[PDB]
Amino acid sequence: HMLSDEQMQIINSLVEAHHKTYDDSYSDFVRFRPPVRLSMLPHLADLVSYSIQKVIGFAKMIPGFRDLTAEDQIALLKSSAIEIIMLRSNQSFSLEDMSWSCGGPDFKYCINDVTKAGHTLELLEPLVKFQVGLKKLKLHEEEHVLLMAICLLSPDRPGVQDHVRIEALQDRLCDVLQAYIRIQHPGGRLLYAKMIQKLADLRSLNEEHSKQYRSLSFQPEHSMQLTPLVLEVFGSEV
Amino acid sequence: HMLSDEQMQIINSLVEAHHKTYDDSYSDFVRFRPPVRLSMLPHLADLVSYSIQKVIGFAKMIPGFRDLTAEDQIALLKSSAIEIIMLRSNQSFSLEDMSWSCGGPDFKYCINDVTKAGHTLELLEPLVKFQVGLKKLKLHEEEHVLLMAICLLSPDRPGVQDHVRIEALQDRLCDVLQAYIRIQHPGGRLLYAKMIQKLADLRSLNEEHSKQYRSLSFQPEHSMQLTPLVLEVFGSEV
Amino acid sequence: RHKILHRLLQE
Amino acid sequence: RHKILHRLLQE
Ligand SMILES: C=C1/C(=C\C=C2/CCC[C@]3(C)[C@@H]([C@H](C)[C@@H]4CC[C@H](C(C)(C)O)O4)CC[C@@H]23)C[C@@H](O)C[C@@H]1O
Ligand SMILES: C=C1/C(=C\C=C2/CCC[C@]3(C)[C@@H]([C@H](C)[C@@H]4CC[C@H](C(C)(C)O)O4)CC[C@@H]23)C[C@@H](O)C[C@@H]1O
């Protein structure tokens, strides 16, 4: 069959929200502290902090996210932030160079660059393999933003209070996605299942990042290089 | 008469400490977030945060500062930091341009630049007049570092516990300074009194900065642009 | 708690 | 309190 008017509206809301909160020019990157080849921590902390602001604004056009309590919104953002960032970064990832190409050579981040920001191959290896698998799925823009909104409105996050409601919005987004794939995506007959498994990958990426971030945020000579937003969001402040 | 061996040692310790913690090349400035013409807040926050690290290291070669309790050291640094920074910045201030010239044109800060970092002429006017008066005093390098060490080891700071001891080290530094002026500074017969009055100026500059910083640190869209070190040091965390 | 997050979610 | 200051004063 076809998609309802309500699902078309949700799709249009989501991609407009992604378009407003993601700059294909990457021109704001000149305002981060410049990269140096833990030499990359200042630049990459700025990059993530900037990305967190974007993710907050994207969240902010998700239909129904705002109508949740401010505590639920904070819970959802704090535990899903790094996953949305990992997800959205696939738009700059390129299989030809196996890295993220945002500007010229200064703003291209390969594995060795992230190494010099306090992270090991235990995170980098699954992360790059995640970007590779997700890029080969060749998602439509609608599926990409749908996946990000589904990932963020997960009710199985610590701290969420109104599970019922969040799971409800997450379910309606899953049905829009599942329907958009079966109608407008040729040969997507197993795609949705694979996307749902990408979410599970993000959970394992999340936990190893949360571990590695802890060890660096617990050393003041390193956590002094982070930003207030990063510390607030990635800290266990509760 | 002449200066004792002990006072020569103190002088040499102080200027070596200043030389190690102050870079006339200003070449680390490329690693701050770049200035933009509250557009200057990110660059100037980075500049101050970097300067705080330097001031800590300078403090760290002051003979006797380390032998104080770690709480006294924190008390002394938290309330004197912005004053030492105002003082040390006179080395880049130039009367010919009425601003601080550190790099090329990007790293020259005139009054309008600081305006766009959340500060009013109520602070900027006395600050620039302070830099002007202090630069026309044409201090020797020894007097400049002596003045900074005296300013930091002031026992009339909130939070200090061992007044006796800090006032003692402050007194010995004042007598070294007073003696160096009368022996090695031609026509300095009123200079020391004027330097002591510069300290009083710093107190009034300190308080108006503390007020203006409060109003900006209380707006999260602005305090998110500060650094962890700046927030820790300039906050009333106690 | 979460001074900046609150701020960025309002407006 | 003052996690970074403590750190930068040691060493
Ligand atoms: C953040 C984005 C982009 C890339 C993101 C990347 C690629 C490089 C490595 C990054 C920055 C990860 C690292 C683990 C960084 C380095 C340090 C930082 C903290 C949070 C301090 O651990 O995380 C997080 C997402 C990873 C570029 C572009 O697609 C925009 C997107 O929002
Ligand atoms: C910090 C130094 C230099 C200049 C310092 C200046 C000149 C420009 C204006 C500055 C940065 C003042 C402002 C009030 C800045 C801007 C915002 C920032 C905070 C602390 C956020 O209020 O204070 C502090 C010392 C002022 C340059 C050089 O001499 C090194 C020296 O340590």
Item to complete: Report, for B:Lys116, each distance to the same residue's label point in the other copies, shortest first and in nm; define the point 7 Å along Cα→Cβ.
Response: 3.1
Response to the item:
With +1 on the Cβ of every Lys and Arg and -1 on the Cβ of every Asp and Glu, the dipole magnitude of region B:53-93 about its Cα centre, in debye rounded to the nearest 20, is 200
Practice prompt. For the pairs B:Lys54/B:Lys211; A:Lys108/A:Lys129; A:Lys20/C:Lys3; A:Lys60/C:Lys3; A:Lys116/B:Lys116; A:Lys108/C:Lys3, note any where the Cα-Cα span goes beyond 26 Å.
Written response: A:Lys116/B:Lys116; A:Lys108/C:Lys3
Item to complete: Could you sort B:73-83, B:90-100 so that the peptide with the highest average Cβ count within 10 Å comes first and the rest follow in order?
Response: B:73-83, B:90-100
Discussion item. With n ≥ 4 as the cut-off for DSSP H runs, can you work out [θ] at 222 nm for chain B, using -39500 (n - 2.57) per run divided by the number of residues, rounded to the nearest 500?
Written reply: -20500 deg cm²/dmol
Worksheet item: Tell me, what is the Rg over Rh of region B:1-102, with Rh the Kirkwood radius over Cα pairs?
Response: 1.04
Worksheet item: For the rotation bringing A onto B, which A residue has its Cβ nearest the axis, and at how many Å?
Response: A:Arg33, 3
Item to complete: Using the 7 Å Cα-to-Cβ label point, sort the distances from A:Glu6 to its equivalents in the other copies shortest first and give them in nm to one decimal.
Response: 8.6
Practice prompt. Relative to the compact-globule scaling 2.2 N^0.38 Å, provide the ratio for the alpha-carbon radius of gyration of region A:115-199.
Written response: 1.28
Discussion item. Give the residue list of trypsin sites (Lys or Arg not before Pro) in region A:129-238 that are DSSP loop and have at most 13 other beta-carbon atoms within 10 angstrom.
Written reply: A:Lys138, A:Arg189
Worksheet item: Looking at region A:1-54 from every direction and averaging, what is the projected area of its Cα convex hull in nm²?
Response: 5.7
Practice prompt. Quick one: P(r) of region B:54-106 from all Cα-Cα pairs, 10 Å bins, percents rounded to integers, in order of increasing distance.
Written response: 21, 41, 22, 14, 2
Practice prompt. Treating the Cα atoms of the protein assembly as shown as identical point scatterers in vacuum, please give the log10 of the normalised Debye intensity I(q)/I(0) at q = 0.11 Å⁻¹, two decimals.
Written response: -0.95
Fill in: Expected-Rg normalisation [2.2 N^0.38 Å, Cα atoms] applied to chain A
1.00
Worksheet item: To one decimal in nm, how far is A:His163 from the same spot in the other copies, if labels go 7 Å from Cα toward Cβ? Please give the shortest first.
Response: 6.0
Discussion item. Beyond 17 Å, how much of the Cα-Cα pair distribution for region B:69-149 remains, as a whole percent?
Written reply: 54
Worksheet entry | Taking all pairs of distinct alpha-carbon atoms in region A:178-238, Kirkwood radius in angstrom | 14.4
Worksheet entry | Pair A:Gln197, B:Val238: separation of 7 Å Cα→Cβ label points (nm) | 5.8
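Neighbour counts are summed over all protein chains in view; Cβ atoms, including those assigned to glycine, are modelled from backbone coordinates with ideal geometry. Laboratory data are not the source of any read-out in this text; all were calculated from the coordinates shown.
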